[PDB]
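Everything on this sheet refers to the single structure shown next.
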Amino acid sequence: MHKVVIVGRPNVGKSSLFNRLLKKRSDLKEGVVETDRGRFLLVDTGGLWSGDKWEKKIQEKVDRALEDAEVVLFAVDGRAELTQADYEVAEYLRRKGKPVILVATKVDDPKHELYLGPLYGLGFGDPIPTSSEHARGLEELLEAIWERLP
Ligand SMILES: Nc1nc2c(ncn2[C@@H]2O[C@H](COP(=O)(O)OP(=O)(O)O)[C@@H](O)[C@H]2O)c(=O)[nH]1
């Protein structure tokens with residue numbers, strides 16, 4: 001089946017997002033997402049990081065996890081400012097060349113969407129705002145995922 005992988009630094013909300021997507025209807029964490037659009041294997045790579053710094057050790061682990069990935073969900077905090085780790089994971093993803101959907105997390109209220117500007121420059125297109133706490137943007141995220149699964 002199709003494989004979708006979540007990538008991002010620690011504490012941006014990857015496991016929470018993973019859990020919401022897994023429950024959706026219509027070191028790795030692996031789960032089958034199934035809705036009326038079809039099914040795919042969702043993989044969270046957060047457990048591959050030891051600390052919050054992008055390092056060769058982690059990159060090599062992420063590389064393996066991305067082996068047969070069709071789409072990457074690049075998770076960045078939608079409230080906190082972008083970090084050196086974010087910018088480094090972004091460059092790694094551009095180099096990898098796999099389709100990337102930029103996901104802004106913890107966008108609990110529409111007002112937070114006004115402050116996602118720095119995200120548009122990461123080179124991945126408009127970020128899709130989500131909130132696992134309020135279950136926002138999951139429909140839009142599933143639609144984007146399926147537009148890229150061949
Ligand atoms: N306010 C808010 N908090 C969230 C949201 N998603 C996750 N969190 C919290 O942010 C912290 C890190 O989330 P987590 O999923 O563990 O991040 P990971 O380390 O990327 O898996 C935890 O306290 C989560 O409960 C969200 O959508 N809104």
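To be explicit about the labels: the chains of the structure tokens are called A, B, and onward in the order shown, and within each one the residues are counted from 1, while ligands get numbers from 1 in the order they are shown.
Inspection of the environment of ligand 1, which uses only C-alpha atoms and all ligand atoms and a cut-off of 8 Å, identifies the neighbouring residues as residues 8, 9, 10, 11, 12, 13, 14, 15, 16, 17, 18, 44, 46, 47, 75, 105, 106, 107, 108, 130, 131, 132, 133, 134 and 135 of chain A.
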> Where does DSSP see strand (DSSP E or B) in chain A, if you list the residues as a ChimeraX atom specification?
Replying inline: /A:2-7,29-35,38-44,71-77,100-105,128-129,131,136
Write out, as a PDB file, in the first residue's frame, the residues just selected, with C-alpha atoms.
```
ATOM      1  CA  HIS A   2       0.959   3.666  -0.167  1.00  0.00           C
ATOM      2  CA  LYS A   3       3.330   4.939   2.502  1.00  0.00           C
ATOM      3  CA  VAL A   4       3.116   8.390   4.107  1.00  0.00           C
ATOM      4  CA  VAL A   5       5.743   9.517   6.583  1.00  0.00           C
ATOM      5  CA  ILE A   6       5.635  12.286   9.179  1.00  0.00           C
ATOM      6  CA  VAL A   7       8.947  14.095   9.707  1.00  0.00           C
ATOM      7  CA  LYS A  29       4.993   4.344  14.946  1.00  0.00           C
ATOM      8  CA  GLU A  30       3.137   2.640  12.111  1.00  0.00           C
ATOM      9  CA  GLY A  31      -0.576   2.657  11.409  1.00  0.00           C
ATOM     10  CA  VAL A  32      -3.012   2.028   8.582  1.00  0.00           C
ATOM     11  CA  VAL A  33      -5.197   5.051   7.795  1.00  0.00           C
ATOM     12  CA  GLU A  34      -8.460   4.097   6.103  1.00  0.00           C
ATOM     13  CA  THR A  35     -11.272   6.338   4.857  1.00  0.00           C
ATOM     14  CA  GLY A  38      -8.682   4.402   0.338  1.00  0.00           C
ATOM     15  CA  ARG A  39      -5.953   3.305   2.701  1.00  0.00           C
ATOM     16  CA  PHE A  40      -2.297   4.008   3.275  1.00  0.00           C
ATOM     17  CA  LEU A  41       0.412   3.232   5.847  1.00  0.00           C
ATOM     18  CA  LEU A  42       1.183   6.212   8.070  1.00  0.00           C
ATOM     19  CA  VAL A  43       4.607   6.364   9.740  1.00  0.00           C
ATOM     20  CA  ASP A  44       5.734   8.746  12.501  1.00  0.00           C
ATOM     21  CA  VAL A  71       4.636  11.405   0.513  1.00  0.00           C
ATOM     22  CA  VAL A  72       6.249  13.244   3.380  1.00  0.00           C
ATOM     23  CA  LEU A  73       4.244  15.227   5.927  1.00  0.00           C
ATOM     24  CA  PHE A  74       6.685  17.836   7.193  1.00  0.00           C
ATOM     25  CA  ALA A  75       5.369  18.870  10.588  1.00  0.00           C
ATOM     26  CA  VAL A  76       6.319  22.350  11.872  1.00  0.00           C
ATOM     27  CA  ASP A  77       4.913  24.106  14.953  1.00  0.00           C
ATOM     28  CA  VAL A 100       6.240  17.143   0.721  1.00  0.00           C
ATOM     29  CA  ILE A 101       3.079  18.432   2.341  1.00  0.00           C
ATOM     30  CA  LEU A 102       3.925  21.144   4.861  1.00  0.00           C
ATOM     31  CA  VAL A 103       1.731  20.721   7.931  1.00  0.00           C
ATOM     32  CA  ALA A 104       1.398  23.499  10.508  1.00  0.00           C
ATOM     33  CA  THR A 105       0.494  22.007  13.851  1.00  0.00           C
ATOM     34  CA  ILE A 128      -1.969  23.112   5.698  1.00  0.00           C
ATOM     35  CA  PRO A 129      -3.044  24.232   9.173  1.00  0.00           C
ATOM     36  CA  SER A 131      -4.825  21.013  15.252  1.00  0.00           C
ATOM     37  CA  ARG A 136      -8.928  20.848  12.643  1.00  0.00           C
TER      38      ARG A 136
END
```
> Neighbours of residue 115 (chain A) within 10 Å (only C-alpha atoms; same-chain residues fewer than 5 positions away dropped), as a PyMOL selection string?
Replying inline: chain A and resi 78-81+107
> What gap, in Å, lies between CA of residue 96 (chain A) and CA of residue 57 (chain A)?
Replying inline: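 Distance reported for this atom pair: 16.4 Å.
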> Please, what distance in Å, to one decimal, runs between CA of residue 54 (chain A) and CA of residue 93 (chain A)?
Replying inline: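 Interatomic distance, CA of residue 54 (chain A) to CA of residue 93 (chain A): 12.5 Å.
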>> Let me make sure I understand: among A:138, A:53, A:48, A:147, which one has the smallest atom-to-atom distance to residue 19 (chain A) if we use only C-alpha atoms?
In response: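 Going through A:138, A:53, A:48, A:147 one by one, the smallest distance to residue 19 (chain A) is for A:138.
The interatomic distance for the pair CA of residue 55 (chain A) and CA of residue 92 (chain A) works out to 11.2 Å.
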